[PDB]
$ cat protein.cif   # mmCIF, N, CA and C atoms and all ligand atoms
data_query
#
loop_
_atom_site.label_atom_id
_atom_site.label_comp_id
_atom_site.auth_asym_id
_atom_site.auth_seq_id
_atom_site.Cartn_x
_atom_site.Cartn_y
_atom_site.Cartn_z
N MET A 1 -45.54 66.12 84.34
CA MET A 1 -46.52 65.08 84.05
C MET A 1 -47.85 65.69 83.62
N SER A 2 -47.78 66.76 82.83
CA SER A 2 -48.98 67.44 82.36
C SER A 2 -49.25 67.11 80.90
N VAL A 3 -50.16 67.85 80.28
CA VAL A 3 -50.52 67.64 78.88
C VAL A 3 -49.27 67.56 78.01
N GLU A 4 -48.21 68.25 78.43
CA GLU A 4 -46.96 68.26 77.69
C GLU A 4 -46.34 66.87 77.65
N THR A 5 -46.39 66.18 78.79
CA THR A 5 -45.82 64.84 78.89
C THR A 5 -46.65 63.83 78.09
N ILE A 6 -47.94 64.11 77.96
CA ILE A 6 -48.83 63.23 77.21
C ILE A 6 -48.58 63.33 75.72
N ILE A 7 -48.55 64.56 75.21
CA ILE A 7 -48.31 64.79 73.79
C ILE A 7 -46.87 64.47 73.41
N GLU A 8 -45.95 64.72 74.34
CA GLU A 8 -44.54 64.46 74.10
C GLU A 8 -44.32 63.03 73.63
N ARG A 9 -45.16 62.12 74.11
CA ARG A 9 -45.05 60.71 73.74
C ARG A 9 -45.61 60.48 72.34
N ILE A 10 -46.62 61.26 71.97
CA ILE A 10 -47.24 61.14 70.66
C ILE A 10 -46.34 61.71 69.57
N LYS A 11 -45.97 62.98 69.72
CA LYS A 11 -45.10 63.64 68.75
C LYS A 11 -43.89 62.78 68.43
N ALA A 12 -43.41 62.03 69.42
CA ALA A 12 -42.26 61.16 69.24
C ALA A 12 -42.64 59.90 68.48
N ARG A 13 -43.81 59.36 68.80
CA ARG A 13 -44.29 58.14 68.15
C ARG A 13 -44.65 58.41 66.69
N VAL A 14 -45.45 59.44 66.46
CA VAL A 14 -45.87 59.81 65.11
C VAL A 14 -44.67 59.93 64.18
N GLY A 15 -43.63 60.60 64.65
CA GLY A 15 -42.43 60.78 63.84
C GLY A 15 -41.52 59.57 63.90
N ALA A 16 -41.96 58.52 64.59
CA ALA A 16 -41.17 57.30 64.71
C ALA A 16 -41.93 56.10 64.16
N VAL A 17 -43.13 56.35 63.64
CA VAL A 17 -43.95 55.29 63.08
C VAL A 17 -43.17 54.47 62.06
N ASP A 18 -43.32 53.15 62.13
CA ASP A 18 -42.63 52.25 61.21
C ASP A 18 -43.58 51.72 60.15
N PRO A 19 -43.06 51.53 58.93
CA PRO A 19 -43.85 51.03 57.80
C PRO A 19 -44.23 49.57 57.96
N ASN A 20 -43.65 48.92 58.97
CA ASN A 20 -43.94 47.51 59.23
C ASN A 20 -45.28 47.36 59.94
N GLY A 21 -45.61 48.32 60.79
CA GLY A 21 -46.87 48.27 61.52
C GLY A 21 -48.03 48.81 60.71
N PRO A 22 -48.30 50.11 60.85
CA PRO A 22 -49.40 50.77 60.13
C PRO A 22 -49.12 50.89 58.64
N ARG A 23 -49.94 51.68 57.95
CA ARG A 23 -49.78 51.88 56.51
C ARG A 23 -50.20 53.29 56.11
N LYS A 24 -49.85 53.67 54.88
CA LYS A 24 -50.19 55.00 54.37
C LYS A 24 -51.65 55.34 54.65
N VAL A 25 -51.87 56.20 55.64
CA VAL A 25 -53.22 56.61 56.01
C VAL A 25 -53.45 58.09 55.71
N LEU A 26 -54.69 58.53 55.88
CA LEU A 26 -55.04 59.93 55.63
C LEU A 26 -56.15 60.39 56.57
N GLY A 27 -56.06 61.64 57.02
CA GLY A 27 -57.06 62.18 57.91
C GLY A 27 -56.46 63.07 58.98
N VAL A 28 -57.29 63.48 59.94
CA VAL A 28 -56.83 64.35 61.02
C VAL A 28 -57.62 64.08 62.30
N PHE A 29 -56.97 64.30 63.44
CA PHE A 29 -57.61 64.09 64.74
C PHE A 29 -57.57 65.36 65.58
N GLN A 30 -58.66 65.63 66.28
CA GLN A 30 -58.75 66.81 67.13
C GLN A 30 -58.83 66.42 68.60
N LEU A 31 -57.68 66.37 69.26
CA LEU A 31 -57.63 66.01 70.68
C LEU A 31 -57.90 67.23 71.56
N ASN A 32 -58.82 67.07 72.51
CA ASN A 32 -59.17 68.15 73.42
C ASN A 32 -59.04 67.70 74.87
N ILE A 33 -58.03 68.23 75.56
CA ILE A 33 -57.80 67.89 76.96
C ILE A 33 -58.40 68.94 77.89
N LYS A 34 -59.12 68.47 78.90
CA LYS A 34 -59.75 69.37 79.86
C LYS A 34 -58.71 69.99 80.79
N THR A 35 -59.00 71.19 81.29
CA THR A 35 -58.09 71.89 82.18
C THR A 35 -58.85 72.69 83.23
N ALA A 36 -58.12 73.25 84.18
CA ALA A 36 -58.73 74.05 85.24
C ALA A 36 -59.09 75.45 84.75
N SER A 37 -58.55 75.81 83.59
CA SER A 37 -58.81 77.12 83.00
C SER A 37 -59.56 76.99 81.68
N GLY A 38 -59.97 75.77 81.36
CA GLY A 38 -60.69 75.53 80.12
C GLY A 38 -60.31 74.21 79.48
N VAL A 39 -60.01 74.25 78.19
CA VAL A 39 -59.63 73.05 77.45
C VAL A 39 -58.53 73.35 76.44
N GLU A 40 -57.62 72.39 76.27
CA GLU A 40 -56.52 72.55 75.33
C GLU A 40 -56.79 71.80 74.03
N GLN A 41 -56.71 72.51 72.91
CA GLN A 41 -56.96 71.91 71.60
C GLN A 41 -55.66 71.38 71.00
N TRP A 42 -55.78 70.36 70.16
CA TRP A 42 -54.62 69.76 69.51
C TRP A 42 -55.00 69.13 68.18
N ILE A 43 -54.08 69.16 67.22
CA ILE A 43 -54.32 68.60 65.90
C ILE A 43 -53.32 67.49 65.59
N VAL A 44 -53.83 66.28 65.40
CA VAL A 44 -52.98 65.13 65.09
C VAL A 44 -53.28 64.59 63.70
N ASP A 45 -52.39 64.88 62.75
CA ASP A 45 -52.55 64.41 61.38
C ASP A 45 -51.99 63.01 61.21
N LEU A 46 -52.57 62.25 60.28
CA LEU A 46 -52.12 60.89 60.01
C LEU A 46 -51.50 60.78 58.62
N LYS A 47 -51.72 61.80 57.80
CA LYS A 47 -51.18 61.82 56.45
C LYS A 47 -49.65 61.86 56.47
N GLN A 48 -49.10 62.78 57.25
CA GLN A 48 -47.65 62.92 57.36
C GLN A 48 -47.17 62.53 58.75
N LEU A 49 -48.11 62.14 59.61
CA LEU A 49 -47.78 61.74 60.97
C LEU A 49 -47.12 62.88 61.74
N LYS A 50 -47.93 63.86 62.14
CA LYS A 50 -47.43 65.01 62.89
C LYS A 50 -48.43 65.44 63.96
N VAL A 51 -48.09 66.50 64.69
CA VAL A 51 -48.96 67.01 65.74
C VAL A 51 -48.81 68.52 65.88
N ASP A 52 -49.91 69.20 66.19
CA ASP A 52 -49.90 70.64 66.36
C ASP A 52 -50.87 71.07 67.46
N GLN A 53 -50.77 72.33 67.87
CA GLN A 53 -51.63 72.86 68.92
C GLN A 53 -52.85 73.56 68.32
N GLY A 54 -53.87 73.76 69.15
CA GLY A 54 -55.08 74.42 68.68
C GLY A 54 -56.02 73.47 67.97
N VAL A 55 -56.86 74.02 67.10
CA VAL A 55 -57.82 73.21 66.36
C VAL A 55 -57.62 73.37 64.85
N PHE A 56 -57.88 72.29 64.11
CA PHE A 56 -57.72 72.31 62.66
C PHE A 56 -58.92 72.98 61.99
N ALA A 57 -58.72 73.43 60.76
CA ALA A 57 -59.79 74.09 60.01
C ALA A 57 -61.02 73.20 59.91
N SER A 58 -60.81 71.89 59.92
CA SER A 58 -61.90 70.93 59.83
C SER A 58 -61.38 69.50 59.91
N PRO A 59 -61.19 69.01 61.14
CA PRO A 59 -60.69 67.65 61.38
C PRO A 59 -61.72 66.58 61.01
N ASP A 60 -61.24 65.46 60.49
CA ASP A 60 -62.12 64.36 60.10
C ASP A 60 -62.72 63.68 61.32
N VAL A 61 -62.12 63.93 62.48
CA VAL A 61 -62.59 63.34 63.73
C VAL A 61 -62.29 64.25 64.92
N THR A 62 -63.19 64.25 65.90
CA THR A 62 -63.02 65.07 67.09
C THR A 62 -62.98 64.21 68.35
N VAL A 63 -61.84 64.21 69.02
CA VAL A 63 -61.68 63.43 70.25
C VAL A 63 -61.79 64.31 71.48
N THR A 64 -62.59 63.88 72.45
CA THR A 64 -62.78 64.63 73.68
C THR A 64 -62.39 63.80 74.90
N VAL A 65 -61.27 64.16 75.51
CA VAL A 65 -60.78 63.45 76.69
C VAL A 65 -60.36 64.43 77.78
N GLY A 66 -60.53 64.01 79.04
CA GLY A 66 -60.16 64.86 80.16
C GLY A 66 -58.71 64.68 80.56
N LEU A 67 -58.18 65.65 81.29
CA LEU A 67 -56.79 65.60 81.75
C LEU A 67 -56.50 64.29 82.46
N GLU A 68 -57.20 64.05 83.57
CA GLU A 68 -57.02 62.82 84.34
C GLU A 68 -57.12 61.59 83.44
N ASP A 69 -58.07 61.63 82.51
CA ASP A 69 -58.28 60.52 81.59
C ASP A 69 -57.02 60.26 80.75
N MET A 70 -56.46 61.33 80.20
CA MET A 70 -55.26 61.22 79.38
C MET A 70 -54.08 60.73 80.21
N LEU A 71 -53.82 61.40 81.32
CA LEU A 71 -52.72 61.02 82.20
C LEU A 71 -52.79 59.54 82.55
N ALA A 72 -54.00 59.02 82.68
CA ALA A 72 -54.20 57.61 83.01
C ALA A 72 -53.62 56.71 81.93
N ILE A 73 -53.89 57.05 80.67
CA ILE A 73 -53.39 56.27 79.55
C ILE A 73 -51.90 56.50 79.33
N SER A 74 -51.54 57.75 79.03
CA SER A 74 -50.15 58.10 78.79
C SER A 74 -49.28 57.71 79.99
N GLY A 75 -49.90 57.63 81.16
CA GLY A 75 -49.17 57.27 82.36
C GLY A 75 -48.86 55.78 82.43
N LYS A 76 -49.32 55.04 81.42
CA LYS A 76 -49.09 53.60 81.37
C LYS A 76 -49.79 52.90 82.53
N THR A 77 -50.68 53.62 83.20
CA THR A 77 -51.42 53.06 84.33
C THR A 77 -52.75 52.46 83.88
N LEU A 78 -53.38 53.10 82.91
CA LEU A 78 -54.66 52.63 82.39
C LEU A 78 -54.60 52.47 80.87
N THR A 79 -55.59 51.76 80.32
CA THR A 79 -55.65 51.54 78.88
C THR A 79 -56.87 52.22 78.27
N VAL A 80 -56.74 52.64 77.02
CA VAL A 80 -57.83 53.31 76.32
C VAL A 80 -59.10 52.47 76.36
N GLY A 81 -58.94 51.15 76.28
CA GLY A 81 -60.09 50.26 76.31
C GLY A 81 -60.98 50.51 77.51
N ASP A 82 -60.38 50.53 78.70
CA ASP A 82 -61.13 50.76 79.93
C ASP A 82 -61.88 52.08 79.87
N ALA A 83 -61.15 53.17 79.65
CA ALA A 83 -61.75 54.49 79.57
C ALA A 83 -62.83 54.54 78.50
N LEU A 84 -62.63 53.80 77.42
CA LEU A 84 -63.59 53.76 76.32
C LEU A 84 -64.98 53.40 76.83
N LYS A 85 -65.06 52.30 77.59
CA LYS A 85 -66.33 51.85 78.14
C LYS A 85 -66.87 52.86 79.16
N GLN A 86 -66.01 53.31 80.06
CA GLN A 86 -66.40 54.27 81.08
C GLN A 86 -66.97 55.54 80.44
N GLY A 87 -66.57 55.80 79.20
CA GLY A 87 -67.05 56.98 78.50
C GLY A 87 -66.16 58.19 78.73
N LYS A 88 -64.86 57.95 78.89
CA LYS A 88 -63.91 59.03 79.12
C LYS A 88 -63.61 59.77 77.82
N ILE A 89 -63.60 59.03 76.72
CA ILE A 89 -63.33 59.62 75.41
C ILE A 89 -64.60 59.73 74.58
N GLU A 90 -64.87 60.93 74.08
CA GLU A 90 -66.06 61.17 73.26
C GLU A 90 -65.74 60.99 71.78
N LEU A 91 -66.74 60.56 71.02
CA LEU A 91 -66.57 60.35 69.58
C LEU A 91 -67.40 61.35 68.79
N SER A 92 -66.73 62.11 67.93
CA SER A 92 -67.41 63.11 67.10
C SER A 92 -66.89 63.07 65.67
N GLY A 93 -67.75 62.62 64.75
CA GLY A 93 -67.37 62.54 63.35
C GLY A 93 -67.31 61.11 62.85
N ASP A 94 -66.15 60.49 62.98
CA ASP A 94 -65.97 59.11 62.54
C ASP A 94 -65.34 58.26 63.64
N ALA A 95 -66.17 57.50 64.35
CA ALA A 95 -65.69 56.65 65.42
C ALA A 95 -64.67 55.64 64.91
N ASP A 96 -64.71 55.37 63.62
CA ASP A 96 -63.79 54.42 63.00
C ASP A 96 -62.37 54.98 62.99
N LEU A 97 -62.21 56.18 62.45
CA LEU A 97 -60.91 56.83 62.37
C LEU A 97 -60.26 56.91 63.75
N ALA A 98 -61.07 57.21 64.76
CA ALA A 98 -60.57 57.31 66.13
C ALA A 98 -60.31 55.93 66.72
N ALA A 99 -61.31 55.05 66.63
CA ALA A 99 -61.18 53.70 67.16
C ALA A 99 -59.94 53.01 66.61
N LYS A 100 -59.73 53.13 65.30
CA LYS A 100 -58.58 52.51 64.65
C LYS A 100 -57.29 52.91 65.35
N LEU A 101 -57.19 54.18 65.73
CA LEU A 101 -56.00 54.68 66.41
C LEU A 101 -55.81 53.99 67.75
N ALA A 102 -56.87 53.96 68.55
CA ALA A 102 -56.81 53.32 69.86
C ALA A 102 -56.22 51.92 69.77
N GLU A 103 -56.44 51.27 68.63
CA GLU A 103 -55.93 49.92 68.41
C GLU A 103 -54.42 49.86 68.68
N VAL A 104 -53.71 50.90 68.27
CA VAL A 104 -52.27 50.97 68.46
C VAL A 104 -51.92 51.32 69.90
N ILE A 105 -52.88 51.91 70.61
CA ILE A 105 -52.68 52.30 72.00
C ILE A 105 -52.87 51.11 72.93
N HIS A 106 -53.96 50.37 72.72
CA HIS A 106 -54.26 49.21 73.55
C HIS A 106 -53.24 48.10 73.32
N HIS A 107 -52.18 48.11 74.12
CA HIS A 107 -51.13 47.10 74.01
C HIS A 107 -50.39 46.93 75.33
N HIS A 108 -49.29 46.19 75.30
CA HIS A 108 -48.49 45.96 76.50
C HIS A 108 -47.99 47.27 77.09
N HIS A 109 -47.81 47.29 78.40
CA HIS A 109 -47.33 48.49 79.09
C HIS A 109 -45.87 48.77 78.74
N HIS A 110 -45.30 49.78 79.39
CA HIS A 110 -43.91 50.15 79.15
C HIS A 110 -43.70 50.60 77.70
N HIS A 111 -44.30 51.73 77.35
CA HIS A 111 -44.19 52.27 76.00
C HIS A 111 -44.90 53.61 75.88
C1 LIG A 201 -56.91 62.63 69.32
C2 LIG A 201 -56.34 61.34 69.90
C3 LIG A 201 -55.22 61.61 70.92
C4 LIG A 201 -53.84 61.74 70.24
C5 LIG A 201 -53.55 60.57 69.28
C6 LIG A 201 -52.04 59.94 69.55
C7 LIG A 201 -51.47 59.58 68.17
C8 LIG A 201 -50.47 58.42 68.29
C9 LIG A 201 -49.62 58.17 67.03
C10 LIG A 201 -50.44 58.30 65.74
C11 LIG A 201 -50.10 57.20 64.71
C12 LIG A 201 -50.57 55.81 65.17
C13 LIG A 201 -51.40 55.09 64.08
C14 LIG A 201 -50.53 54.66 62.88
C15 LIG A 201 -51.13 54.99 61.47
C16 LIG A 201 -51.17 56.52 61.26
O1 LIG A 201 -52.10 57.15 62.04
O2 LIG A 201 -50.45 57.12 60.47
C1 LIG A 202 -62.04 56.65 70.29
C2 LIG A 202 -60.68 55.96 70.11
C3 LIG A 202 -59.52 56.97 70.19
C4 LIG A 202 -58.47 56.56 71.23
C5 LIG A 202 -57.70 57.78 71.79
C6 LIG A 202 -57.06 57.45 73.29
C7 LIG A 202 -57.36 58.68 74.16
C8 LIG A 202 -56.38 59.82 73.80
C9 LIG A 202 -54.91 59.37 73.66
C10 LIG A 202 -54.40 58.65 74.92
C11 LIG A 202 -52.99 59.11 75.33
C12 LIG A 202 -51.99 59.04 74.16
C13 LIG A 202 -50.60 59.59 74.55
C14 LIG A 202 -49.47 58.57 74.28
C15 LIG A 202 -49.45 57.98 72.82
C16 LIG A 202 -50.10 56.57 72.82
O1 LIG A 202 -49.34 55.63 73.44
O2 LIG A 202 -51.19 56.32 72.30
#
$ encode --input "protein.cif" --output "C-alpha cells" --more "lines below"
Ligand SMILES: CCCCCCCCCCCCCCCC(=O)O
Ligand SMILES: CCCCCCCCCCCCCCCC(=O)O
Amino acid sequence: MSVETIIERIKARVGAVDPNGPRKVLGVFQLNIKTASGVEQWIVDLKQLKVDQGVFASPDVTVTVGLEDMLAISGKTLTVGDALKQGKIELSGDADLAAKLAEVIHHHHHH
C-alpha cells in the first residue's frame, strides 16, 4: 500500500482511458510524493497517456502531494476535492491542467 500501489492504479487507468470520456489532450504532469528519505518524482504524460519515474525535462505542470495525502485518495478513503481545500496538493505552472485531471478523480468510490 505504498507509492507503488498509488501509481499502479494510474498506469492502469492511463493505458485504459476510453475515447468516450476524455479527449485528445496534450501536456505533462510532475507528481511528487513525500517520503521518509526524501521525495519521489514521477512523470505523467497526457499526450499518449503514460507514466514514468523521476522528473521530466520540463513538465507543463508540477504537482506536489504527500504520501499520506496520496494514500488517502488512491485508498478510496478520501477525495481530491477535500485535500484540495486543505492544501494537500500544491499547484505549480498551470492550475488548469492539474485541476482538469482532478475532475476525473473526484467521483464515486470503488475505482
Ligand atoms: C500529478 C498528478 C498525480 C497523477 C495523475 C493520475 C493520472 C490519472 C489518469 C490520467 C488520465 C485522466 C484524464 C483523461 C485525459 C488525459 O489526461 O489524457
Ligand atoms: C490540482 C489538481 C490535481 C489533482 C491530483 C490528485 C492528487 C494526486 C493523485 C491522487 C491519487 C491518484 C492515484 C489513482 C488514480 C486516480 O483515481 O486518480
$ atom_distance --input "protein.cif" --atom1 "atom N of residue 45 of chain A" --atom2 "atom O1 of ligand LIG 201 (chain A)"
7.8 Å
$ axis_aligned_box --input "protein.cif" --around "ligand LIG 202 (chain A)" --padding-each-side "3 Å" --output "lines of an AutoDock Vina configuration file"
center_x = -55.7
center_y = 57.7
center_z = 72.7
size_x = 18.7
size_y = 10.2
size_z = 11.2
$ closest_atom_pairs --input "protein.cif" --of "chain A" --to "ligand LIG 202 (chain A)" --cutoff "8 Å" --atoms "only N, CA and C atoms and all ligand atoms" --output "Markdown table"
| residue | atom | partner | partner_atom | distance |
| --- | --- | --- | --- | --- |
| A:5 | C | A:LIG202 | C13 | 6.8 |
| A:6 | C | A:LIG202 | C13 | 4.4 |
| A:7 | N | A:LIG202 | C13 | 5.4 |
| A:8 | C | A:LIG202 | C14 | 6.8 |
| A:9 | C | A:LIG202 | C15 | 4.6 |
| A:10 | N | A:LIG202 | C15 | 4.4 |
| A:11 | N | A:LIG202 | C15 | 6.8 |
| A:13 | CA | A:LIG202 | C15 | 7.0 |
| A:14 | N | A:LIG202 | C15 | 7.7 |
| A:31 | CA | A:LIG202 | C8 | 7.0 |
| A:32 | N | A:LIG202 | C8 | 7.8 |
| A:62 | C | A:LIG202 | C1 | 7.9 |
| A:63 | CA | A:LIG202 | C1 | 6.8 |
| A:64 | C | A:LIG202 | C7 | 7.2 |
| A:65 | CA | A:LIG202 | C7 | 6.4 |
| A:66 | N | A:LIG202 | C8 | 7.9 |
| A:69 | C | A:LIG202 | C10 | 6.6 |
| A:70 | CA | A:LIG202 | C11 | 5.1 |
| A:71 | N | A:LIG202 | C11 | 6.5 |
| A:72 | C | A:LIG202 | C11 | 7.1 |
| A:73 | C | A:LIG202 | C11 | 4.9 |
| A:74 | N | A:LIG202 | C11 | 4.2 |
| A:75 | N | A:LIG202 | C11 | 6.8 |
| A:76 | N | A:LIG202 | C14 | 8.0 |
| A:79 | C | A:LIG202 | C6 | 7.2 |
| A:80 | CA | A:LIG202 | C6 | 5.2 |
| A:81 | N | A:LIG202 | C6 | 7.2 |
| A:84 | CA | A:LIG202 | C1 | 6.9 |
| A:88 | C | A:LIG202 | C7 | 7.3 |
| A:89 | C | A:LIG202 | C1 | 5.9 |
| A:90 | C | A:LIG202 | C1 | 5.9 |
| A:91 | CA | A:LIG202 | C1 | 5.9 |
| A:92 | N | A:LIG202 | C1 | 7.6 |
| A:94 | C | A:LIG202 | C1 | 7.6 |
| A:95 | C | A:LIG202 | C1 | 6.1 |
| A:96 | N | A:LIG202 | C1 | 7.3 |
| A:97 | C | A:LIG202 | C2 | 6.4 |
| A:98 | C | A:LIG202 | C2 | 3.4 |
| A:99 | N | A:LIG202 | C2 | 3.7 |
| A:100 | N | A:LIG202 | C2 | 5.7 |
| A:101 | C | A:LIG202 | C4 | 5.1 |
| A:102 | CA | A:LIG202 | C4 | 3.9 |
| A:103 | N | A:LIG202 | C4 | 6.2 |
| A:104 | C | A:LIG202 | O2 | 5.6 |
| A:105 | CA | A:LIG202 | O2 | 4.3 |
| A:106 | N | A:LIG202 | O2 | 6.6 |
| A:111 | C | A:LIG202 | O1 | 5.5 |
$ write_last_selection --input "protein.cif" --atoms "N, CA and C atoms" --output "compact mmCIF listing (two decimals), keeping the file's coordinate frame"
# COMPACT_ATOMS: atom_id res chain seq x y z
N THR A 5 -46.39 66.18 78.79
CA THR A 5 -45.82 64.84 78.89
C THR A 5 -46.65 63.83 78.09
N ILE A 6 -47.94 64.11 77.96
CA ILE A 6 -48.83 63.23 77.21
C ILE A 6 -48.58 63.33 75.72
N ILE A 7 -48.55 64.56 75.21
CA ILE A 7 -48.31 64.79 73.79
C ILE A 7 -46.87 64.47 73.41
N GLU A 8 -45.95 64.72 74.34
CA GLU A 8 -44.54 64.46 74.10
C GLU A 8 -44.32 63.03 73.63
N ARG A 9 -45.16 62.12 74.11
CA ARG A 9 -45.05 60.71 73.74
C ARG A 9 -45.61 60.48 72.34
N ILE A 10 -46.62 61.26 71.97
CA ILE A 10 -47.24 61.14 70.66
C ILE A 10 -46.34 61.71 69.57
N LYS A 11 -45.97 62.98 69.72
CA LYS A 11 -45.10 63.64 68.75
C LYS A 11 -43.89 62.78 68.43
N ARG A 13 -43.81 59.36 68.80
CA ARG A 13 -44.29 58.14 68.15
C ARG A 13 -44.65 58.41 66.69
N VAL A 14 -45.45 59.44 66.46
CA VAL A 14 -45.87 59.81 65.11
C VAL A 14 -44.67 59.93 64.18
N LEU A 31 -57.68 66.37 69.26
CA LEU A 31 -57.63 66.01 70.68
C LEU A 31 -57.90 67.23 71.56
N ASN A 32 -58.82 67.07 72.51
CA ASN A 32 -59.17 68.15 73.42
C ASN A 32 -59.04 67.70 74.87
N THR A 62 -63.19 64.25 65.90
CA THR A 62 -63.02 65.07 67.09
C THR A 62 -62.98 64.21 68.35
N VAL A 63 -61.84 64.21 69.02
CA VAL A 63 -61.68 63.43 70.25
C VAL A 63 -61.79 64.31 71.48
N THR A 64 -62.59 63.88 72.45
CA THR A 64 -62.78 64.63 73.68
C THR A 64 -62.39 63.80 74.90
N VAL A 65 -61.27 64.16 75.51
CA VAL A 65 -60.78 63.45 76.69
C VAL A 65 -60.36 64.43 77.78
N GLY A 66 -60.53 64.01 79.04
CA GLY A 66 -60.16 64.86 80.16
C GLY A 66 -58.71 64.68 80.56
N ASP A 69 -58.07 61.63 82.51
CA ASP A 69 -58.28 60.52 81.59
C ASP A 69 -57.02 60.26 80.75
N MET A 70 -56.46 61.33 80.20
CA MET A 70 -55.26 61.22 79.38
C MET A 70 -54.08 60.73 80.21
N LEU A 71 -53.82 61.40 81.32
CA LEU A 71 -52.72 61.02 82.20
C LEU A 71 -52.79 59.54 82.55
N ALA A 72 -54.00 59.02 82.68
CA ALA A 72 -54.20 57.61 83.01
C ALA A 72 -53.62 56.71 81.93
N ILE A 73 -53.89 57.05 80.67
CA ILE A 73 -53.39 56.27 79.55
C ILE A 73 -51.90 56.50 79.33
N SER A 74 -51.54 57.75 79.03
CA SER A 74 -50.15 58.10 78.79
C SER A 74 -49.28 57.71 79.99
N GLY A 75 -49.90 57.63 81.16
CA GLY A 75 -49.17 57.27 82.36
C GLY A 75 -48.86 55.78 82.43
N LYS A 76 -49.32 55.04 81.42
CA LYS A 76 -49.09 53.60 81.37
C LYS A 76 -49.79 52.90 82.53
N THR A 79 -55.59 51.76 80.32
CA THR A 79 -55.65 51.54 78.88
C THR A 79 -56.87 52.22 78.27
N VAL A 80 -56.74 52.64 77.02
CA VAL A 80 -57.83 53.31 76.32
C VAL A 80 -59.10 52.47 76.36
N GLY A 81 -58.94 51.15 76.28
CA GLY A 81 -60.09 50.26 76.31
C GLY A 81 -60.98 50.51 77.51
N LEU A 84 -62.63 53.80 77.42
CA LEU A 84 -63.59 53.76 76.32
C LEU A 84 -64.98 53.40 76.83
N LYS A 88 -64.86 57.95 78.89
CA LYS A 88 -63.91 59.03 79.12
C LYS A 88 -63.61 59.77 77.82
N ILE A 89 -63.60 59.03 76.72
CA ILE A 89 -63.33 59.62 75.41
C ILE A 89 -64.60 59.73 74.58
N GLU A 90 -64.87 60.93 74.08
CA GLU A 90 -66.06 61.17 73.26
C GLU A 90 -65.74 60.99 71.78
N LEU A 91 -66.74 60.56 71.02
CA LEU A 91 -66.57 60.35 69.58
C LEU A 91 -67.40 61.35 68.79
N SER A 92 -66.73 62.11 67.93
CA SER A 92 -67.41 63.11 67.10
C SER A 92 -66.89 63.07 65.67
N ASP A 94 -66.15 60.49 62.98
CA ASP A 94 -65.97 59.11 62.54
C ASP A 94 -65.34 58.26 63.64
N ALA A 95 -66.17 57.50 64.35
CA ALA A 95 -65.69 56.65 65.42
C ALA A 95 -64.67 55.64 64.91
N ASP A 96 -64.71 55.37 63.62
CA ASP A 96 -63.79 54.42 63.00
C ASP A 96 -62.37 54.98 62.99
N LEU A 97 -62.21 56.18 62.45
CA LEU A 97 -60.91 56.83 62.37
C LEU A 97 -60.26 56.91 63.75
N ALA A 98 -61.07 57.21 64.76
CA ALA A 98 -60.57 57.31 66.13
C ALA A 98 -60.31 55.93 66.72
N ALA A 99 -61.31 55.05 66.63
CA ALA A 99 -61.18 53.70 67.16
C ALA A 99 -59.94 53.01 66.61
N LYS A 100 -59.73 53.13 65.30
CA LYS A 100 -58.58 52.51 64.65
C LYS A 100 -57.29 52.91 65.35
N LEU A 101 -57.19 54.18 65.73
CA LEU A 101 -56.00 54.68 66.41
C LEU A 101 -55.81 53.99 67.75
N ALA A 102 -56.87 53.96 68.55
CA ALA A 102 -56.81 53.32 69.86
C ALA A 102 -56.22 51.92 69.77
N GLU A 103 -56.44 51.27 68.63
CA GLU A 103 -55.93 49.92 68.41
C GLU A 103 -54.42 49.86 68.68
N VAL A 104 -53.71 50.90 68.27
CA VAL A 104 -52.27 50.97 68.46
C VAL A 104 -51.92 51.32 69.90
N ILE A 105 -52.88 51.91 70.61
CA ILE A 105 -52.68 52.30 72.00
C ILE A 105 -52.87 51.11 72.93
N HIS A 106 -53.96 50.37 72.72
CA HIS A 106 -54.26 49.21 73.55
C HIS A 106 -53.24 48.10 73.32
N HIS A 111 -44.30 51.73 77.35
CA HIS A 111 -44.19 52.27 76.00
C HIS A 111 -44.90 53.61 75.88
$ select_by_dssp --input "protein.cif" --residues "chain A" --states "helix (DSSP H, G or I)" --output "ChimeraX atom specification"
/A:3-14,67-74,80-86,95-105
$ closest_residue --input "protein.cif" --among "A:17, A:78, A:55, A:36" --to "ligand LIG 201 (chain A)" --atoms "only N, CA and C atoms and all ligand atoms"
A:17
$ closest_residue --input "protein.cif" --among "A:67, A:82, A:110, A:18" --to "residue 34 of chain A" --atoms "only C-alpha atoms"
A:67
$ atom_distance --input "protein.cif" --atom1 "atom CA of residue 23 of chain A" --atom2 "atom CA of residue 57 of chain A"
24.6 Å
$ atom_distance --input "protein.cif" --atom1 "atom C13 of ligand LIG 201 (chain A)" --atom2 "atom CA of residue 39 of chain A"
23.9 Å
$ select_by_dssp --input "protein.cif" --residues "chain A" --states "strand (DSSP E or B)" --output "ChimeraX atom specification"
/A:28-34,39-45,50-53,61-65,90-92
$ decode --input "protein.cif" --residues "segment 77-94 of chain A" --atoms "C-alpha atoms" --output "mmCIF file, in the first residue's frame"
data_model
loop_
_atom_site.group_PDB
_atom_site.id
_atom_site.type_symbol
_atom_site.label_atom_id
_atom_site.label_comp_id
_atom_site.auth_asym_id
_atom_site.auth_seq_id
_atom_site.Cartn_x
_atom_site.Cartn_y
_atom_site.Cartn_z
ATOM 1 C CA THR A 77 -10.963 6.774 1.553
ATOM 2 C CA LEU A 78 -10.676 10.462 0.667
ATOM 3 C CA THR A 79 -11.329 12.621 -2.397
ATOM 4 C CA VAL A 80 -9.025 15.079 -4.159
ATOM 5 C CA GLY A 81 -11.622 17.771 -3.536
ATOM 6 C CA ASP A 82 -11.209 17.599 0.233
ATOM 7 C CA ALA A 83 -7.407 17.577 0.135
ATOM 8 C CA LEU A 84 -7.577 20.394 -2.417
ATOM 9 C CA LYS A 85 -9.094 22.794 0.114
ATOM 10 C CA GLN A 86 -6.917 21.540 2.971
ATOM 11 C CA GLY A 87 -3.962 22.390 0.752
ATOM 12 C CA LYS A 88 -2.545 18.882 0.431
ATOM 13 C CA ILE A 89 -1.797 19.308 -3.273
ATOM 14 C CA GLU A 90 0.353 22.205 -4.478
ATOM 15 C CA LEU A 91 -0.099 23.914 -7.846
ATOM 16 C CA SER A 92 2.935 24.901 -9.918
ATOM 17 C CA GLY A 93 2.638 26.066 -13.514
ATOM 18 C CA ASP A 94 -0.920 25.640 -14.765
#
